[PDB]
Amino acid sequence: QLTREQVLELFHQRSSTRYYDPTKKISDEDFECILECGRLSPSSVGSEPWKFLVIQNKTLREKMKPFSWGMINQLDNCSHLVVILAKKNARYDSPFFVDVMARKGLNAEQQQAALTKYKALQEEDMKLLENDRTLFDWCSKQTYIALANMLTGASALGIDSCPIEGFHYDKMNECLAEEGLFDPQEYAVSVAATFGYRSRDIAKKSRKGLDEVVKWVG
């Protein structure tokens, strides 16, 4: 439990860190807790379509620099780097969704019902089976939930972070797949995040005002 003022200050204190102290490393305990915040995240129909690559290998980090302009300095100095993958071809009738149902412990009639629920959602409600990319982006949207909670959970632990889109996705995919780090038919890169301890004061928040981003329908 937190007060209103603390809840606010938690989201004011979290800022995108572009300069890490290279003399400070996150403890294994603290980082596993950050990862737990991602794994515990909610996801459409319990799909959990994420995978978290923790890239600590200096050599691999250096390989990413030339195509990762968004984090080119952070690559060198951050404690931890997480590249989040999202599941490809996450169709209602896929072995992937066979597992989803197995985790939910559904019997045979419930599974035919769940499947008709997933079919209408993908095909008609959200029109996700348009092409390969729309279905992938649906899973990727769920991984942005994990991303957000990892940033928030880290900040609560006193750990700074930066979410990262600033890299060439085709090359990053090829780089990690060539390392044998995932099956390029099953997964692709969604988004990444650095973690560590900042070296500079937090810059104050610049957002649109509440009255511009909220519309009340009474």
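So that there is no doubt, residue numbering starts at 1 and follows the sequence shown.
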Stretch with the higher entry mean CA B-factor, where the candidates are 189-197 and 151-159: 151-159
Comparing 42-50 with 161-169, the one whose average Cα B-factor in the PDB entry is higher: 42-50
Selection from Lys24, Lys204, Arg207, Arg18 [criterion: highest C-alpha temperature factor in the record]: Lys204
Highest-ranked of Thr143, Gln74, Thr116, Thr134 once sorted by CA temperature factor in the record: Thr116
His80, C-alpha B-factor rank within chain (lowest, middle or highest third): lowest
Within-chain third of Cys33 by Cα B-factor, per the entry: highest
For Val98, the third of its chain into which the C-alpha B factor falls: highest
Position of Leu128 among the chain's modelled residues by C-alpha B-factor, lowest, middle or highest third: middle
